[PDB]
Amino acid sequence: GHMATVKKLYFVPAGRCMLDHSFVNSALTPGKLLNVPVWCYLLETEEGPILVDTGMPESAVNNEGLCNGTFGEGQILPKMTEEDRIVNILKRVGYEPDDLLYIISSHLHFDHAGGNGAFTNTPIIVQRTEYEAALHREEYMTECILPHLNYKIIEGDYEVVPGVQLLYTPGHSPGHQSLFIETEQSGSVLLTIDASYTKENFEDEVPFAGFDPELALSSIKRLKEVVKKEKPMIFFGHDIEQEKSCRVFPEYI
């Protein structure tokens, strides 16, 4: 109870998503799709296992056309098989939903909270501003904001357990949050999540898809201050190049 660090941080592939390249660089003219990774993260901690995000909804399985009839039509195409349903991922890894200590929702976009309905008992940690936006903004799916789950609504920065900190990073979505994790093997790790899809969104401040790009920039600024102080390893949300060098399950950091 001694532990200031998490035992293991796993990067867990949870399917993929086609995004128009204008999502990763808002200046690009639409018309080329990128097959970007979708992630969830598994933390093995002294208090129990913690899952960060829950993949895509069952409606996306074998259904690349999910975003027909919406703003995302032809620009967002989920790449999800039956194997990528979060319960299946978890079962292969070694867990059932009720085994988890917490779920952390970085935000409620379909590629992060599609699986939330699987977890009916586990507290789901989500920002108030994200929860309230999800009750109306139309980039949100029904599946991402089911009414009777055990939500643990928080406001701003928050310590989940020792070694697991949430950093409020709104802009990509109204209540987006990133993670700062201290691991036994690696020390300080910053999971930007979608506060930057790619390394150039972060380092070069290349604009990318978001609810409020001005806020997204300030959140990036704030992360840069944390980086200056902590010098962490930094992992981006939907980065095909960085993915190439990521250690992924069963490897951990």
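Start at 1 with the first residue shown and count on from there.
**Student:** Higher mean Cα B-factor in the deposited model: 162-170 or 74-82?
**Tutor:** Result of the comparison: 74-82.
**Student:** Would you determine, from the values in the PDB entry, which of 58-66 and 200-208 has the greater average C-alpha temperature factor?
**Tutor:** Comparing 200-208 with 58-66, the higher mean C-alpha B-factor belongs to 200-208.
**Student:** Could you tell me which one of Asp194, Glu44, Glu184, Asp53 shows the highest CA temperature factor in the PDB record?
**Tutor:** That would be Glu184.
**Student:** By the record's CA B-factor, is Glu139 among the lowest, middle or highest third of residues in the chain?
**Tutor:** For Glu139, whose C-alpha B-factor we compare with every modelled residue in the chain, the answer is the highest third.
**Student:** Splitting the chain's C-alpha B-factors into thirds, which one does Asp98 fall into?
**Tutor:** Highest third, going by the recorded CA B-factors of the chain.
**Student:** What third of the chain, by the recorded C-alpha B-factor, contains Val226?
**Tutor:** Middle third of the chain for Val226's C-alpha B-factor.
**Student:** Divide the modelled residues of the chain into thirds by Cα B-factor and specify which third, lowest, middle or highest, holds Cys40.
**Tutor:** It belongs to the lowest third of the chain when residues are ordered by C-alpha B-factor.
**Student:** Going by the CA temperature factor in the PDB record, which third of the chain does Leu33 belong to: lowest, middle or highest?
**Tutor:** Middle third - that is where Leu33 ends up once the chain's C-alpha B-factors are sorted.
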